[PDB]
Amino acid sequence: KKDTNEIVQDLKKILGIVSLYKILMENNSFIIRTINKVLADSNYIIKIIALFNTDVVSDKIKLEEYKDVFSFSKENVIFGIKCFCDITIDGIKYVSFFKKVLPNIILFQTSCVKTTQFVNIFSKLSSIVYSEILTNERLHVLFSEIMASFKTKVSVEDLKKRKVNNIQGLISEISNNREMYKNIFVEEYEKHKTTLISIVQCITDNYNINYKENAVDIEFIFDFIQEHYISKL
């Protein structure tokens, strides 16, 4: 909305933390406060939207529309945490940091699922996501194809010539070129959708990831999100 300046500060420290376990303990105050603040701010997604859609701050109507779609109540967060615990990964360290941050998450206590059950499922998903990003060859080929396509549309050398190398310069580049980066996102997603869904569906099948004891359906999830959220932007 107005002071989305606080989001970029939190984004700087998060990106400063990942650039530099040992770190996580010194920043656990920052990580705990940020999660509780994000979860208690029902308009947080809309502030993120307004960071990249600077025009929205001057359109009261569309801004209010966004609250109907993207605002989440405290109850929504509890329901999501509950739904997150119906995931099982019968196909399968840092568990410690999670098991000492998550108790300090106010809204994770209002639900109070078995924290060991939650820590386990969050820990598994987190290790799958990191391992695949690090090692899935299909995903690396896909990223490289996206990157090469992006580069025929936009001069990455010229972007760095114009000081597009900070997150503030990155946000400002996107938000002043919003239609174009939107069209590039859509064209890349539609061109590569068959392989993206396939990569992710295979990862879930491989690790035998279930939701309420039914196989996860990636096509349905992506299509649900397109219809109910990405299309209302």
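In this text, residue numbers run from 1 along the sequence as written.
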Per the record, how many residues of the deposited chain fall between residue 92 and residue 93 without being modelled: none, 1 to 3, 4 to 9, or 10 or more?
4 to 9
Gap size between residue 20 and residue 21, counting deposited residues with no coordinates: none, 1 to 3, 4 to 9, or 10 or more?
10 or more
Highest mean C-alpha temperature factor of the two stretches 81 to 89 and 150 to 158, which is it?
81 to 89
Mean Cα B factor from the PDB record: higher for 188 to 196, or higher for 62 to 70?
62 to 70
In the PDB entry, which of 144, 76, 126, 96 has its C-alpha at the highest B-factor?
96
Taking the Cα B-factors listed in the entry, which of 46, 171, 57, 35 comes out highest?
57
Can you work out whether the C-alpha temperature factor of residue 26 puts it in the lowest, middle or highest third of the chain?
highest
Taking the values exactly as deposited, rank residue 133 by C-alpha B-factor within its chain and report the matching third: lowest, middle or highest.
middle
Residue 164: CA temperature factor from the record, placed by chain third, in the highest
Third of the chain's Cα B-factor distribution that residue 183 belongs to, per the entry:
lowest
Classify residue 14 as lowest, middle or highest third according to the C-alpha B-factor given in the PDB entry, relative to its own chain.
highest
